[PDB]
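Visitor: coordinates only, sequence not included:
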């Protein structure tokens, strides 16, 4: 409907796959080459389904900060025959607050879903399902089961992936440029 939704759509159409693990179906953001991200609670194993194709996992790393605190991001390298468009130049370098974000989801349950979530707070610490978690972004939208892995964007930036909610608010793990240097 506007430039925010234009940016969100441009990312969803080229840089997302549907990932399935034994813990469900997730939106998965492809970042560059065969490297993608997913919430750590997806419990990625040695095999994952990518758009319903059995795919070997070449590497999976559950990120933690330098206090050894969960960040709820897992970086996955997929044994896929095709590379993602490189979007690392759209990743922020620092933790920040944002205006006017969109959360976008693409699964069997919720295809082509876009939500204007408004203002995004650098919330920081969250006890997420009983796990102390850092670098959390918060938006005031009643997000529901099925939205985990959803991409959080502003115009020109990919800032996070949706990892939880409390019924009134939604929570995303920060994406930072420094996660994806090679």
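Guide: It's in. Numbers count the residues shown, from 1 in each chain.
Visitor: Next up, the contacts around the residue lying closest to residue 93 once chain neighbours are set aside.
Guide: Nearest non-adjacent residue to residue 93, counting by Cβ to Cβ, 6 or more residues apart in numbering: residue 177, 4.9 Å away. In short, each C-beta sits where N, CA and C put it, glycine included. Under the criterion of Cβ atoms under 8 Å, 6 or more residues apart in numbering, the neighbours of residue 177 are 88, 91, 92, 93.
Visitor: and residue 75, that one's in a helix?
Guide: No. Going by DSSP: H, G, I helix; E, B strand; the rest coil, the assignment for residue 75 is strand, not a helix.
Visitor: Quick one: end-to-end length of stretch 118-136, please.
Guide: 16 Å (Cα to Cα, to the nearest Å).
Visitor: ok so, going back, can you pick out the ones from the contacts of residue 177 that are in strands?
Guide: The strands, defined by DSSP state E, take in nothing from those.
Visitor: which element is the most centrally placed residue in the chain on?
Guide: Closest to where the C-alpha atoms of the chain average out (Cα atoms, centre = their mean) is residue 161, at 2.5 Å. Using DSSP states H and E, residue 161 sits in strand 157-165.
Visitor: Counting residues, which strand of the chain comes out longest?
Guide: The chain, longest strand under DSSP E: strand 113-128.
Visitor: neighbouring contacts of that strand?
Guide: Residues contacting strand 113-128 (Cβ under 8 Å, 6+ apart): 4-5, 8-9, 70, 72, 95-106, 132-141, 143, 147, 150, 152, 154, 159-160, 163-164, 170-172.
Visitor: re earlier: tell me the phi and psi of the residue nearest to residue 93?
Guide: Backbone torsions of residue 177, given as degrees, to the nearest 10, read phi -50, psi -40.
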